[PDB]
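Undergrad: quick one, fold the following:
(one chain, ligands or ions: 1)
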Amino acid sequence: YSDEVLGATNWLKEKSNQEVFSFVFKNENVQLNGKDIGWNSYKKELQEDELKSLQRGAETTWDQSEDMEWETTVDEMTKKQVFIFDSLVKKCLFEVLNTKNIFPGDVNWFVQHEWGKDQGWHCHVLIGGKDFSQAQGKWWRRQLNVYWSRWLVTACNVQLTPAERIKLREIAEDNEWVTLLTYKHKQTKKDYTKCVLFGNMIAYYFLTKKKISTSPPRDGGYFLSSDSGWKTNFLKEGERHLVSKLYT
Ligand code: NI
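TA: Numbers count the residues shown, from 1 in each chain. This is the structure:
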């Protein structure tokens with residue numbers, strides 16, 4: 001019952017029923033003119049001050065949440081790419097918040113990097129607050145995908161021609177490398193944005209995942225999480241499970 005675990009549990013419980021959007025930031029493998037662009041081909045560290053600061057936050061979140069009771073053998077390249085994606089995902093969120101003149105402190109958000117059995121690396125984002133309503137979900141997804149595709153092309157470490165960069169930009173947009181949770185539907189039929197409950201989804205689902213400690217990553221595992229209150233960021237896996245247990 002550390003203050004950190006209690007603090008995280010209370011913070012989430014107060015937001016148990018706050019409706020939020022659910023997004024997934026991802027990428028897909030691309031081959032352009034024989035050039036392979038994989039999930040970890042975005043390793044430029046761009047020298048923009050905010051991005052640098054966000055990347056440092058991801059690094060230290062990893063460092064503080066690392067359990068040294070057990071060894072960790074995640075590839076260095078994998079960690080680096082995840083830290084970079086953490087900074088880029090957040091840059092996208094903050095850019096759209098700016099478009100809407102939304103004060104960051106009026107927003108609840110949660111970010112979790114994972115490795116899916118089929119898709120590999122992806123990043124879940126829950127985000128909402130008083131300035132958010134369900135009808136705005138589609139606009140948010142479209143705007144986030146604009147900034148996501150723009151930053152990915154800037155961060156790509158593969159030498160690309162201008163034609164290739166433009167092609168990559170359009171692929172990341174057209175194939176929706178930012179997805180929005182909707183209710184299940186038919187292809188022809190309308191899709192409706194499906195808001196989720198912030199505290200509940202975090203405590204009962206995202207905090208139940210197993211920590212990735214190897215390369216290749218365990219299917220379904222998580223790398224790294226963070227939130228707008230810096231509450232879950234530094235928690236070790238065992239601490240995360242204690243939060244779920246106390247939340248109930
Ligand atoms: Ni996932």
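Undergrad: hmm, who's touching the host helix or strand of residue 52?
TA: Counting by DSSP states H and E, the element that carries residue 52 is helix 49-65. Contacts to helix 49-65, defined as CB atoms under 8 Å, 6 or more residues apart in numbering, come from residues 45, 79, 82-84, 86-88, 90-91, 94, 223-226, 233-236. (Each C-beta comes from the backbone N, C-alpha and C, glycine too.)
Undergrad: what of stretch 151-164?
TA: The contact list for stretch 151-164 (CB under 8 Å, 6+ apart) reads 27, 32-33, 35-37, 41-44, 46, 84, 88, 91-92, 165, 168-169, 172, 177.
Undergrad: other SSEs contacting the lengthiest helix in the chain?
TA: Determined from DSSP state H, the single longest helix within the chain is helix 76-99. Judged by 3 or more CB pairs under 8 Å, 6 or more residues apart in numbering; DSSP states H and E, helix 76-99 is in contact with strand 19-26, helix 49-65, strand 107-116, strand 120-129, helix 137-155, strand 221-227.
Undergrad: follow-up on the earlier one: buried subset of the contacts of stretch 151-164?
TA: Among those, those classed as buried by 16 or more other CB atoms under 10 Å are 27, 32, 37, 41-42, 84, 88, 91-92, 168-169, 172, 177.
Undergrad: turn those into TSV, columns for distance to residue 201.
TA: Below are those laid out as TSV (distance: CB to CB, whole Å):
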residue	distance to residue 201
27	23
32	37
37	32
41	31
42	27
84	26
88	23
91	23
92	20
168	32
169	31
172	26
177	22
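Undergrad: tell me which of those residues is nearest to residue 140?
TA: Nearest to residue 140 among these, counting by CB to CB, is residue 92 at 10.4 Å.
Undergrad: list the contacts for that closest one?
TA: By CB under 8 Å, 6+ apart, the residues touching residue 92 are 25, 144, 147-148, 151, 178.
Undergrad: same deal with residue 99?
TA: Per CB under 8 Å, 6+ apart, neighbours of residue 99: residue 143.
Undergrad: what about it, distance to residue 147?
TA: 9 Å (CB to CB, to the nearest Å).
Undergrad: buried subset of the contacts of helix 49-65?
TA: When the contacts of helix 49-65 are checked for burial by 16+ other CB under 10 Å, the buried set is 79, 82-84, 86-88, 90-91, 94, 223-226, 233-236.
Undergrad: still on that earlier bit, which of the contacts of residue 92 lies closest to residue 115?
TA: Of the contacts of residue 92, the one sitting nearest to residue 115 (CB to CB) turns out to be residue 25, at 13.6 Å.
Undergrad: follow-up on the earlier one: now the longest helix of the chain, how far from the chain's geometric center?
TA: 8 Å (CA atoms, centre = their mean, to the nearest Å).
Undergrad: assign a three-state SS to residue 157, would you?
TA: coil (DSSP: H, G, I helix; E, B strand; the rest coil).
Undergrad: give me the nearest residue to it, chain neighbours excluded.
TA: residue 43 (4.7 Å; CB to CB, 6 or more residues apart in numbering).
Undergrad: doesn't residue 77 make contact with that neighbour?
TA: Yes - at 7.4 Å, residue 43 and residue 77 qualify as touching, with contact defined as CB atoms under 8 Å.
Undergrad: okay then, goodbye and thanks.
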